[PDB]
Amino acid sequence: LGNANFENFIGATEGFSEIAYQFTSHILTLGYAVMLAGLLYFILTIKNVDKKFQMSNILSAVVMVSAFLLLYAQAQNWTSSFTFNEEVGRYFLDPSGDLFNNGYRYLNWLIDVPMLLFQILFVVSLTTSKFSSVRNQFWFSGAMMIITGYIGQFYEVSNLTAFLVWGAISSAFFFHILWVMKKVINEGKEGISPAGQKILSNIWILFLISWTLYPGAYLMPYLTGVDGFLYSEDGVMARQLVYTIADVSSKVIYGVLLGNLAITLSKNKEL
């Protein structure tokens, strides 16, 4: 029962305190609440950019739909998977339940990673690179990153070393994606106004940090060693917080910045 993942492992042995159970539940709720608010934002502001850029708004909205539904479902899965034990005063894995399941989140990554990588290609323009090649490279490596991460996710409890190995293989696809995106950002800068170049610079920093938070949260319970402080409900709380911060940053703030870049590039912003 504690086999599938670290959350279930903790739940079936030490159990979760009131604070850990509540906080995790609240952070995951805020996460899907923000997606829903984002969905409305991207729908309402679609008229603010020229037609030629609106595929980016469209993709932002679709990402919001996906993330709202899958994060909502993940939130319910968290709350219904553990019940309070009066005696000990903690929450434990409920055998009557479905158990905590990472599938919701990994499915969300599979769907959302290619749409996030794709939408920048509709705002900013390449120079020496080709659209189809960059697109194909984003899609292949993005899919492989998530798939090999999912494979790794399986051995988290039963085989920690395989968990790390597949994670490293996954990280290699990630490094490739950073490298392509860096190229896209640099080529995108050529020929647009300095105000647009500065939004692109912020997008890069945001992209770099927010995406790197995902492997960070993946590794979170083992970042303090064999039985360090994070190897506990605190590593669980920390992991779900970082995922949620990453979710809001990589999807919502990224979309907002892209939208602001698109406005800067409207036809009237020229001579």
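The numbering used is simple: start at 1 and walk along the sequence shown. Whichever C-alpha set is largest while still superposing within 1.5 Å between the two forms counts as the rigid core.
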Core-aligned CA RMS in 6 other deposited structures of this protein: between 13 to 21 and 249 to 257 the higher one is 13 to 21
Find the stretch among 103 to 111 and 164 to 172 with the larger RMS C-alpha deviation in 6 other deposited structures of this protein, all structures being superposed on the shown form by the rigid core. 103 to 111
Averaging CA B factors per stretch from the PDB record, which one is higher: 156 to 164 or 143 to 151? 156 to 164
Higher-B stretch (mean Cα B-factor, as the entry records it), 248 to 256 or 19 to 27: 19 to 27
Options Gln119, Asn85, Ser125, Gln197 - largest CA temperature factor per the record: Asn85
Test of reading the entry: by CA B factor among the chain's modelled residues, which third contains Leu261? lowest
Give the position of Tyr72 by CA B-factor within its chain, expressed as the lowest, middle or highest third. lowest
Within this chain's modelled residues, let me know which third the CA B factor of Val184 belongs to: lowest, middle or highest. lowest
Would you check the entry's CA temperature factor for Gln240 and let me know if it's in the chain's lowest, middle or highest third? middle
Using the B-factors in the PDB entry, rank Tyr32's C-alpha atom against the chain and give the third, lowest, middle or highest. lowest
